[PDB]
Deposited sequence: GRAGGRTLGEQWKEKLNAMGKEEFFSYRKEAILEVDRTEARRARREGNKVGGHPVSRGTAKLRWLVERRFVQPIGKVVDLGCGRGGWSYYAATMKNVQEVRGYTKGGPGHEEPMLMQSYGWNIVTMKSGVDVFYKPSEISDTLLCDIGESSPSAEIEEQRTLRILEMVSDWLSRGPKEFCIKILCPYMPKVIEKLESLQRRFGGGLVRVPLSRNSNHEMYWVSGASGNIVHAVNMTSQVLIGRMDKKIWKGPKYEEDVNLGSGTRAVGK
């Protein structure tokens, strides 16, 4: 089996306290306390989720550069959608998410560029015909203790996103739930040859998942990138002393309506 599969099994065998220490070991973490305390209480620029910080991390390093019409698949509360709205060359943001019981509904915010954001709930993207976009974002992937179940879920997401990518967005950022399973690596290699990009591990991701982002501004060997992530994750297991996370300031999303080019 792959190193990721080994990681997965060891993760599944962990105790409660061990698991909770491990998931944040040596990760980058946003101080969400201030943002999430404003949940029960929209112009303060506080992001709706920790997802915003992940997208900033990628954009800040030019792994993706949102432009024109942005489509955000599985937008949830809208962390990525509202971040995209603050990008210089973005003109429109369209978010889709399933919502309903047990799932996130879009949160209407008045952060900067809110006037160009529309998010629609009650949309299962596996039945949604594709549309033209300039930037395609997708953050879909339900975790499972089974790598085989995650593999199938990941292949289904990849089949679905291929339709959107064939519409010509040059900028994209797609969550790969289970990048380490053989069938997923195979599909990624064909899609990389077809659409470009590469896989990046965002250090804000918890050690409890192996998610990697397929992004347009990356390049290089997928197998190697996945393997190095597996080894780093396994390397953080069973430490003698837990050092904990490293903290960074949350994203500032500003306020009010925006002009677009």
Deposited positions lacking CA coordinates: 1 to 5, 47 to 48, 269
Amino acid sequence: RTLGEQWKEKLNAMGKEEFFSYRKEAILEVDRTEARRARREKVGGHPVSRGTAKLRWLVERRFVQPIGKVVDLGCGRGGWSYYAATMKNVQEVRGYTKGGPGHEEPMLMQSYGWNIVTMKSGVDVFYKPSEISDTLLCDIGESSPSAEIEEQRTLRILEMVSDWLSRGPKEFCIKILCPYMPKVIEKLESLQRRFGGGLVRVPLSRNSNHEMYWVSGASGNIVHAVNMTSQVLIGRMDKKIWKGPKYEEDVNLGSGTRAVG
From here on, numbers count along this sequence of modelled residues.
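In this text, rigid core is short for the largest set of C-alphas that superpose within 1.5 Å between two forms.
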More shifted region, core-based fit in 5 other deposited structures of this protein, 29 to 37 vs 56 to 64 by CA: 29 to 37
Higher-B stretch (mean Cα B-factor, as the entry records it), 193 to 201 or 31 to 39: 31 to 39
Mean temperature factor over C-alpha atoms, higher-scoring stretch between 209 to 217 and 42 to 50: 42 to 50
CA B-factor placement of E142, once the chain's modelled residues are sorted into thirds: highest
Modelled-residue ranking by C-alpha temperature factor, third containing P129: highest
Position of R94 among the chain's modelled residues by C-alpha B-factor, lowest, middle or highest third: middle
Chain third (lowest, middle, highest) by recorded CA B-factor, residue given as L158: middle
Chain-wide C-alpha B factor ranking for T86, given as lowest, middle or highest third: lowest
